[PDB]
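Engineer: Below is a structure I'd like to ask you about.
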Amino acid sequence: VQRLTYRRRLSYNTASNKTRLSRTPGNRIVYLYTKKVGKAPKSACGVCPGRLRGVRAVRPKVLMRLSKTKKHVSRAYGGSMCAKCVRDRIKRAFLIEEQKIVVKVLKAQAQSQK
Amino acid sequence: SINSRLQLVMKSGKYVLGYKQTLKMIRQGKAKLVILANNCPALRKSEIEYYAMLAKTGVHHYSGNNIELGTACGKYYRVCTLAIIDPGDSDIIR
Amino acid sequence: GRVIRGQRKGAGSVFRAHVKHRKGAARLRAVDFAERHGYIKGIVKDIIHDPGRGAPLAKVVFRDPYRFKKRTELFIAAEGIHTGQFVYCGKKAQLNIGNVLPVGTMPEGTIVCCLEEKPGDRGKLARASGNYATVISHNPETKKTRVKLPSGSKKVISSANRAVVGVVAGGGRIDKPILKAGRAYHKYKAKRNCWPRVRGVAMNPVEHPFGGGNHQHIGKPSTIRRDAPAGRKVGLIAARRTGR
Amino acid sequence: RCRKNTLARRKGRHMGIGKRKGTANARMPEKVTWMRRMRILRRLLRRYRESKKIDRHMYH
Amino acid sequence: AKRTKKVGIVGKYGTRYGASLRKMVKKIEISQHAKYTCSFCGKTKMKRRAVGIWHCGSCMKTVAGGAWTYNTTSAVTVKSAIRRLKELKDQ
Amino acid sequence: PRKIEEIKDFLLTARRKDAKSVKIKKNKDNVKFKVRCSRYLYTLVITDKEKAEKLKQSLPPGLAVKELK
RNA sequence: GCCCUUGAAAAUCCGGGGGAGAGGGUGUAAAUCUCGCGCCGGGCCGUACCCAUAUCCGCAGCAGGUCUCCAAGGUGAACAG
RNA sequence: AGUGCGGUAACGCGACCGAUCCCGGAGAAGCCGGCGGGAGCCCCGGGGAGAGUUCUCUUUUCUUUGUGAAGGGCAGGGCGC
RNA sequence: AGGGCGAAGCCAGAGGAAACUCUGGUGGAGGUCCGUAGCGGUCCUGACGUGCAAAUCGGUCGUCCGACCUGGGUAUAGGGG
Ligand SMILES: [Mg+2]
Ligand SMILES: [Mg+2]
Ligand SMILES: [Mg+2]
Ligand SMILES: [Mg+2]
Ligand SMILES: [Mg+2]
Ligand SMILES: [Mg+2]
Ligand SMILES: [Mg+2]
Ligand SMILES: [Mg+2]
Ligand SMILES: [Mg+2]
Ligand SMILES: [Zn+2]
């Protein structure tokens with residue numbers, strides 16, 4: 002069996018020195034060094050444990066290269082925050098403001114009464 | 013007590029358990045009452061509370077936590093929100 | 002002869018504290034107009050573990066009331082704190098748990114922790130794990146309050162100085178036996194080089210005052226002056242009474 | 062020569078008590094033997110259910 | 002008592018550490034690994050994450066509690082007192 | 002490299018300023034048309050032989066057309 | 001699953017909230033976290049071989065010591081022999 | 001009038017103005033077990049090309065039987081959408 | 001490496017009026033056992049003893065998921081570490 006060697010002066014098997022086997026057109030198994038696994042961004046909410054959809058999970062210094070559309074999604078808070086947490090933020094932020102208005106109304110009635 | 017009057021509603025009346033379904037019942041304008049467990053999420057409650065206000069519907073805050081309410085509907089599962097469409101012969105609705 | 006283990010811990014070096022993974026200091030919020038006069042509201046963003054500490058902490062985030070900027074703190078978690086809770090603090094703070102307010106406000110019999118020893122110090126007494134202080138009694142003039150510490154002592158304190166209501170979280174840690182030496186090793190490794198401890202009786206008489214002998218005995222009384230030069234002050238220091 | 066002998070081992074040969082060094086569990090792990098079975102019987106059951114042979118409640 | 006008469010959780014430890022210690026550990030060793038009920042959703046998912054910090058997996062509500070129990074007694078008794086005094090102050 | 006699907010498209014790519022060699026590989030059953038550019042090596046697979054023979058004439062000003070063997 | 005252990009920082013890179021501004025006046029503009037193509041550049045130092053029963057350290061081509069990667073068939077539980 | 005449009009929605013489409021300021025993410029995480037998918041190698045049954053054996057037997061035994069990165073498509077995994 | 005023992009949790013079946021208990025599985029805990037590499041260094045009071053060696057060799061041994069082993073970086077210096 003064809004055993005093989007590392008292709009770089011880094012001898013030690015490390016986070017940096019990860020590999021994979023590949024058959025070339027020359028018909029010799031050769032190590033190719035592999036790129037680290039990128040992660041999708043997690044939500045700005047911080048409770049939803051699941052990572053975001055519609056974003057290319059890639060090593061962050063790549064994002065540079067990528068097009069805008071890969072990096073985000075067409076929504077308010079797009080590619081920063083999961084939908085669920087937006088549509089709860091939305092209705093929360095609305096419902097809160099409706100009660101603030103109700104308390105303002107109850108305050109104004111109390112001033113007019115007194 | 014409310015547990016007694018519910019018992020009868022669940023037996024004889026028409027009803028619906030859960031938030032996805034009761035919000036659809038209120039939105040239709042069929043729901044005559046809405047029971048909320050006490051442990052219900054605060055956003056959820058206030059949302060429902062507003063939906064009843066728009067549909068001129070009763071909202072009864074249940075004394076117990078969602079496990080107690082589901083127990084109190086005669087289900088082994090747990091229900092946080094429950095709408096009462098048509099009571100059978102109960103006076104749950106006054 | 003030798004400088005004894007003990008004298009050596011003062012030079013730091015090897016006996017300094019291990020603090021890489023420690024998440025920060027566990028202070029209180031600094032005083033300001035809002036704290037002083039009203040109450041600032043913040044939310045508990047998360048609850049955290051802090052190596053070498055039995056108490057869990059709480060990332061609590063407020064809004065800086067001068068710059069558009071979300072400042073954050075590390076409170077020691079009052080037991081029963083949780084995330085998505087609000088944490089009000091100031092003079093006009095409501096007397097519920099995980100709510101830092103001056104000792105002078107809060108009534109007698111009120112249990113607190115992370116209690117400021119001197120006003121503005123940012124939380125010094127009773128911040129251990131299952132521990133707390135109790136506000137005894139107030140002297141309205143002199144602006145002073147008496148507080149009972151966990152050691153038992155009944156310290157006098159400025160009524161201005163703050164405390165978080167409730168006890169510290171993670172109580173009863175020390176009810177569990179350790180069992181394994183390993184389990185001891187793993188405790189102190191996230192703290193400092195203080196573990197497997199060798200009895201001065203074991204040592205030769207150059208490295209400890211109890212050392213030497215043909216029998217592992219002390220040879221002199223193990224109680225000792227505290228007007229005692231460092232190198233002898235070993236055993237039971239200034240021991241008022243000694244037995245069971 | 063090996064291939065010939067492996068064909069003997071297929072027929073059930075050179076496989077008696079006195080040509081075993083490992084424990085039975087080492088030779089065929091009980092867990093694996095279990096895993097096969099569940100993955101069979103369960104597969105049989107959900108094939109039965111999804112042909113309307115057996116109802117929900119029987120299946121369960 | 003299917004497998005053991007009287008060790009259960011602390012059968013892991015084998016003979017070691019002495020009978021009293023192992024009996025003493027069994028109380029905690031149980032409670033600390035218990036899955037409690039998240040008084041927030043009501044699922045049985047409150048699980049100690051690290052000392053003094055319990056996390057609901059569903060609720061995602063991390064909760065500063067006891068070292069080996071979601072609630073110490075001390076915490077509970079302190080809670081009620083503070084609630085009583087709060088009401089005594091404000092009226 | 003880049004494969005192309007329209008005979009017109011390869012003709013447009015061949016007509017650029019940056020282009021050069023437009024070598025032609027008769028594979029049998031295939032007849033490719035590899036046209037190098039600055040960045041990419043465009044190829045075009047033309048399954049018919051007579052259509053490939055027709056295209057052969059349609060390259061413009063005096064490019065290399067370095068047929069491959 | 002385990003922890004009275006909770007298990008690195010930073011450079012760098014991106015997303016989102018905001019909306020101060022800018023753009024041309026009905027064929028065009030400013031704009032492209034630019035889409036596709038095109039042009040130009042990337043300096044400095046290391047790069048031989050040994051890496052060990054003979055290129056290293058133990059006065060030596062010394063039974064010692066000295067961090068890693070790859071890892072075929074048979075027998076066999078097996079990186080055992 | 002015109003700082004792009006599609007989808008109930010998850011989200012999509014080649015581009016789709018924008019400052020100081022703010023929030024977030026990625027960089028950025030322990031060990032151990034179990035199970036699954038993907039490759040490299042081994043194995044088996046055959047096709048070829050060259051071998052060795054041939055006193056007898058052996059459709060033999062042995063070797064060898066390929067496709068880099070980067071793009072595009074599609075399986076195959078996974079989803080706490 | 002590979003094996004052994006088989007802790008909690010889980011399933012079924014049987015009994016029990018209940019409390020709960022038995023039987024068969026599954027599950028895979030542990031400063032758990034055997035045992036390789038590794039780390040060590042018991043005995044032979046073996047070899048050697050102007051040695052291979054200014055401490056080595058051989059068998060025999062201890063330990064081998066943990067107070068484990070180990071490279072590089074970094075800290076502590078002489079009545080000092
Ligand atoms: Mg590196
Ligand atoms: Mg997208
Ligand atoms: Mg001695
Ligand atoms: Mg002395
Ligand atoms: Mg070289
Ligand atoms: Mg070599
Ligand atoms: Mg000897
Ligand atoms: Mg001699
Ligand atoms: Mg020799
Ligand atoms: Zn979310």
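Residue numbers (PDB author numbering), protein chains in the order written: chain g, 2 to 115; chain c, 13 to 106; chain A, 2 to 245; chain R, 62 to 121; chain p, 2 to 92; chain k, 2 to 70. Quick reminder that beta carbons are idealized off the backbone N, C-alpha and C, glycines included.
1) Below 8 Å, how does it come out for the segment 78 to 98 of chain A and the segment 36 to 48 of chain A: are there three or more Cβ pairs, yes or no?
2) Looking at the structure shown, is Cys115(A) part of a helix, part of a strand, or coil, going by DSSP?
3) Among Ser23(g), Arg4(g), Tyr34(g), which has the Cα closest to the Cα of residue 1(g)?
4) Is any non-hydrogen atom of ligand 3 found closer than 7 Å to the C-beta of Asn205(A), if you look at the structure I gave you?
5) Check the Cβ of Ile79(c) against every Cβ in chain p and list those closer than 9 Å, keeping chain order.
6) So if DSSP puts residue 169(p) in a beta bridge, which residue, or which two residues, is it bridged to?
7) At a Cβ threshold of 8 Å, is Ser24(c) touching chain g?
8) If you compare alpha carbons, which of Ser22(k), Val23(k), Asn28(k) is closest to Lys50(k)?
9) Closer than 7 Å by beta-carbon distance: list the chain A residues that pair up with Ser75(p), in chain order.
10) Any idea if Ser44(g) is buried or exposed, counting beta-carbon neighbours within 10 angstroms, 16 or more meaning buried?
11) Given a cut-off of 8 Å, decide if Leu60(k) and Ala15(k) are closer than it, judged by their beta-carbon atoms.
12) Under 7 Å from any heavy atom of ligand 10, does the C-beta of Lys85(g) make it?
13) Considering only residues of the same chain and omitting the five flanking positions on each side of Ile47(k), which have a CB-CB separation below 6 Å?
14) Hey, quick one: how far does the beta strand (DSSP E) through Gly43(A) stretch, first residue to last?
15) So, do the segment 130 to 140 of chain A and the segment 160 to 180 of chain A have three or more beta carbon pairs nearer to each other than 8 Å?
16) Quick one: which residues of the segment 177 to 196 of chain A get their C-beta closer than 7 Å to a C-beta of chain p? List them in chain order.
17) Under 8 Å Cβ-Cβ, which residues of chain p neighbour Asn50(c)?
18) If we count the other Cβ atoms within 10 Å of its Cβ and call it buried at 16 or more, is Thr5(p) buried or exposed?
19) For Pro210(A), does the count of other Cβ atoms within 10 angstroms reach 16, so buried, or fall short, so exposed?
20) Would the beta-carbon of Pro52(A) be found less than 7 Å away from any heavy atom of ligand 4?
21) Would you please state the rounded distance, in angstroms, between the beta carbons of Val61(A) and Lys46(A)? I believe it to be under 8 Å.
22) Give a single yes or no on whether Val36(k) has its beta carbon closer than 7 Å to a heavy atom of ligand 10.
23) Near residue 1(A), what residues of its chain come up, given a Cβ to Cβ distance below 8 Å and the 5 sequence neighbours on each side ignored?
24) Under a three-way DSSP split, which group does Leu58(A) fall into?
25) Can you give me the C-alpha to C-alpha distance between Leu5(g) and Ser17(g), rounded to a whole angstrom?
26) What residues from chain c crowd round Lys92(g), counting only those whose CB sits closer than 8 Å?
27) Does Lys36(c) come out as helix, strand or coil in the three-state DSSP assignment?
28) Cα separation between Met119(R) and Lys36(c)?
29) Taking 8 Å as the cut-off, decide whether the C-beta atoms of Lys92(g) and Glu59(c) are in contact.
30) Do you know how far the Cα of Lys19(g) is from the Cα of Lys67(k)?
31) Using the beta carbon as the reference atom, which residues fall closer than 7 Å to any heavy atom of ligand 2, ordered along the chain?
32) Quick check: what's the CA-CA separation for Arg60(g) versus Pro90(R)?
33) Can you tell me whether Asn14(g) is buried or exposed, with buried defined as 16 or more other CB within 10 angstroms of its CB?
34) Does any residue of chain g bring its CB to less than 8 Å from the CB of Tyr62(c)?
35) Excluding sequence positions up to five away, which residues of its chain have a Cβ less than 7 Å from the Cβ of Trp196(A)?
Structural biologist: Considering the structure as presented:
1) yes
2) Within the third sequence, numbered from 1, the residue matching residue 115(A) stands at position 114. Coil, per DSSP.
3) Given a span of 2 to 115 for chain g in the structure shown, any question on residue 1(g) remains unanswerable.
4) Here residue 205(A) is taken as the residue at index 204 of the third sequence, counted from 1. Yes.
5) Here the question's residue 79(c) lines up with position 67 in the second sequence. Residues of chain p passing the Cβ test: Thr38, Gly43.
6) There is simply no residue 169(p) to check, as chain p begins at 2 and stops at 92 in what is shown.
7) Taking the second sequence and counting its residues from 1, the one referred to as residue 24(c) is at position 12. No, no contact with chain g.
8) Reading the sixth sequence from its first residue, position 49 is the one you call residue 50(k). Minimum Cα distance to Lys50(k) is reached at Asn28(k).
9) Within the fifth sequence, the letter at position 74 stands for residue 75(p). Per Cβ cutoff of 7 Å: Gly131, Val168, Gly172.
10) Mapped onto the first sequence, residue 44(g) falls at position 43. Buried is the call here.
11) Numbered from its first residue, the sixth sequence carries residue 15(k) at position 14. Numbered from its first residue, the sixth sequence carries residue 60(k) at position 59. Yes; because the gap between Cβ atoms is below 8 Å, this pair is in contact.
12) Residue 85(g) sits at position 84 when you count from the first residue of the first sequence. Yes.
13) Taking the first residue of the sixth sequence as 1, we reach residue 47(k) at position 46. So the list reads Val32, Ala53, once near-sequence residues are dropped.
14) Here the question's residue 43(A) lines up with position 42 in the third sequence. 41 to 49 is the span of the beta strand (DSSP E), which, as asked, contains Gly43(A).
15) yes
16) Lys177, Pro178, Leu180
17) Here residue 50(c) is taken as the residue at index 38 of the second sequence, counted from 1. Chain p residues near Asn50(c): none, gap ~10 Å exceeds 8 Å.
18) Residue 5(p) sits at position 4 when you count from the first residue of the fifth sequence. In the assembly as shown, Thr5(p) is an exposed residue. Its beta-carbon has fewer than 16 other beta-carbons within 10 Å.
19) Taking the first residue of the third sequence as position 1, residue 210(A) is located at position 209. Flag for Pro210(A) reads buried.
20) What you label residue 52(A) is simply residue 51 of the third sequence in a count that begins at 1. Checking every heavy atom of ligand 4 against the Cβ of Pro52(A), none is found closer than 7 Å.
21) In the third sequence, residue 61(A) corresponds to position 60, counting from 1. In the third sequence, residue 46(A) corresponds to position 45, counting from 1. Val61(A) to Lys46(A), Cβ: 7 Å. Contact.
22) By one-based count along the sixth sequence, residue 36(k) stands at place 35. Checking every heavy atom of ligand 10 against the Cβ of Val36(k), none is found closer than 7 Å.
23) Beyond the ends of chain A as shown, which are 2 and 245, falls residue 1(A); an answer cannot be given.
24) Mapped onto the third sequence, residue 58(A) falls at position 57. Strand.
25) Your numbering for residue 5(g) matches position 4 in the first sequence. Your numbering for residue 17(g) matches position 16 in the first sequence. Across the structure, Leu5(g) and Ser17(g) are spaced so that their CA atoms are roughly 18 Å apart.
26) Locating residue 92(g) in the first sequence gives position 91, counting from the first residue. Under the 8 Å cutoff, chain c gives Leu55, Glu59.
27) As a working mapping, residue 36(c) is identified with position 24 in the second sequence. Helix, per DSSP.
28) Numbered from 1 along the fourth sequence, position 58 holds the residue referred to as residue 119(R). Numbered from 1 along the second sequence, position 24 holds the residue referred to as residue 36(c). Cα to Cα, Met119(R) sits roughly 35 Å from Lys36(c).
29) The residue you call residue 92(g) lines up with position 91 of the first sequence. The residue you call residue 59(c) lines up with position 47 of the second sequence. In contact: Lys92(g) and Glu59(c) (Cβ atoms closer than 8 Å).
30) As a position in the sixth sequence, residue 67(k) is number 66, starting the count at 1. As a position in the first sequence, residue 19(g) is number 18, starting the count at 1. Roughly 42 Å separates the two Cα atoms.
31) Counting every residue whose Cβ lies closer than 7 Å to a heavy atom of ligand 2, we get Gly55(g), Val56(g), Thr70(g), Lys71(g), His73(g), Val74(g).
32) Here residue 60(g) is taken as the residue at index 59 of the first sequence, counted from 1. Here residue 90(R) is taken as the residue at index 29 of the fourth sequence, counted from 1. The alpha-carbon atoms of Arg60(g) and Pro90(R) are separated by roughly 42 Å.
33) Numbered from 1 along the first sequence, position 13 holds the residue referred to as residue 14(g). It is exposed - the Cβ of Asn14(g) has fewer than 16 other Cβ atoms within 10 Å.
34) The residue you call residue 62(c) lines up with position 50 of the second sequence. So yes, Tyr62(c) belongs to the interface.
35) For the purposes of this step, residue 196(A) is identified with residue 195 of the third sequence, where counting begins at 1. Taken in chain order, the residues that qualify are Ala185, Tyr186, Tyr189.
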